[PDB]
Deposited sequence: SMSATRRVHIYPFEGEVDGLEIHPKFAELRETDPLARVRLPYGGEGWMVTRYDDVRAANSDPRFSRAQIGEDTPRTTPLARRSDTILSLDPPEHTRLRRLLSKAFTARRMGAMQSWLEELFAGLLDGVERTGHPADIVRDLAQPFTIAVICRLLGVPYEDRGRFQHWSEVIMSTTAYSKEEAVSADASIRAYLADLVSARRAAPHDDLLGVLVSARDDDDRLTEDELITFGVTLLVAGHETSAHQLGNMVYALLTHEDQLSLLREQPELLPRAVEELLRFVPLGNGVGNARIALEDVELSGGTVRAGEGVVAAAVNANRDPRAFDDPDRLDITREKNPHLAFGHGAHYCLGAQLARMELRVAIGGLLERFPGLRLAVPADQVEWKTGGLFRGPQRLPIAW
């Protein structure tokens, strides 16, 4: 039985070597997390994929003996509840609605870059570009006006940063978010609005509709899934580019690589801490390393699947030219990221915008001077200074 956390802490974007060791010699690894009883950890692409997408695993029926690192959401529902929720949400999250945002993303990011450029280097990628970009996008989806972007950014930070804010602070922020969303929903029930939240309020599946509680809870989910995830992923992707100079140079010389570079950076860059939420088997499931019986918990992180040499050639080397890229960074199957198209657009706009504005873009300090976050759900730099 392997104890998590593993011995030795990782710096920056490094992947703990134990996962690779387990992938080759212990593909159905018995593990003991800080809380709950023993579970299984899977690290091979096929197994991780199965764990996170096969309908024989449940996200809803977690319990006390469920392995976990800690003592409502669509992310935690199973079919058929999940299926109903997802059908309604997909009336708003459409390719047509997301794709029509392209121009507005470009102008939003260009304004943020102008301000950075006016102020002069060094700037902080995290505070000056990534965070304000992604919160603005989610505020547009929710109908939150420009003047309240800062308020949402702050409230999101509070409920997300579980080690930096107290339970009482998180309760207060959540209450504030929900009160604001309740007012937005109430306005959207009085007359149709065309923002994504107004479209969700108007969405119908025969007679079925989202309740006020489901709408409000989904607004909260959108701050964590859409803003916080995107902001951290973007900062980490920029760090990775700025520390892989040959790859960054290649992207400048060959800008048509940008879409593949974004997919490769999604595959490569770690976001969380390598465990993920347990899934519980509703029924026996044969995986590569053996059989998971009904009732047993399985942890499976996409980051480990995305380094499996069974699925990617030379997986521990960043290669932005990779054409075949079936990474699991947005998941797979029923829970597949509802915002993937928009996330991809965001990452292309930001990275493409950054490289075009700043040919001389570089870290403003050596990498050993970047301080990395230590608690909470996300890896990321505390501050990421750049110069140009």
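Residues 1-7, 79-83 of the deposited sequence have no C-alpha coordinates in the model.
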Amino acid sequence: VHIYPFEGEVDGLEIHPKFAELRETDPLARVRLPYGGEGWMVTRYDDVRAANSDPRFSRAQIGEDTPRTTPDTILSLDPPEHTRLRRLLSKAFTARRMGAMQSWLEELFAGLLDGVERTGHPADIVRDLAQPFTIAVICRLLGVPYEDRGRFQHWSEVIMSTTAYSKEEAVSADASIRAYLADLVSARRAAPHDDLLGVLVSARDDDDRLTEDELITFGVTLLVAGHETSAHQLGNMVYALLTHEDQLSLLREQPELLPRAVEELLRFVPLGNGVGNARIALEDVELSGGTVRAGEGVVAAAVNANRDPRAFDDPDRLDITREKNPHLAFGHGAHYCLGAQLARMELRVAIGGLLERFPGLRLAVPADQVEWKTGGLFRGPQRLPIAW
From here on, numbers count along this sequence of modelled residues.
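Annotation for 205-213 versus 147-155: the higher mean temperature factor (C-alpha) is found in 205-213.
Looking at mean Cα B-factors across 347-355 and 58-66, the upper value is held by 58-66.
When the C-alpha B factors of 230, 94, 304, 163 are read from the deposited coordinates, the top value falls at 163. Of the residues listed, 177, 197, 294, 85, the entry assigns the biggest Cα temperature factor to 294. Among the modelled residues of its chain, residue 320 has a C-alpha B-factor that falls in the lowest third according to the deposited record. For residue 53, the recorded CA B-factor ranks within the highest third of the chain. Only modelled residues enter the ranking.
Ranked by Cα temperature factor within the chain, residue 284 sits in the highest third according to the deposited record. When the modelled residues of the chain are ordered by C-alpha B-factor, residue 30 sits in the highest third. Ranked within its chain, residue 169 lands in the middle third, by CA B factor from the PDB record.
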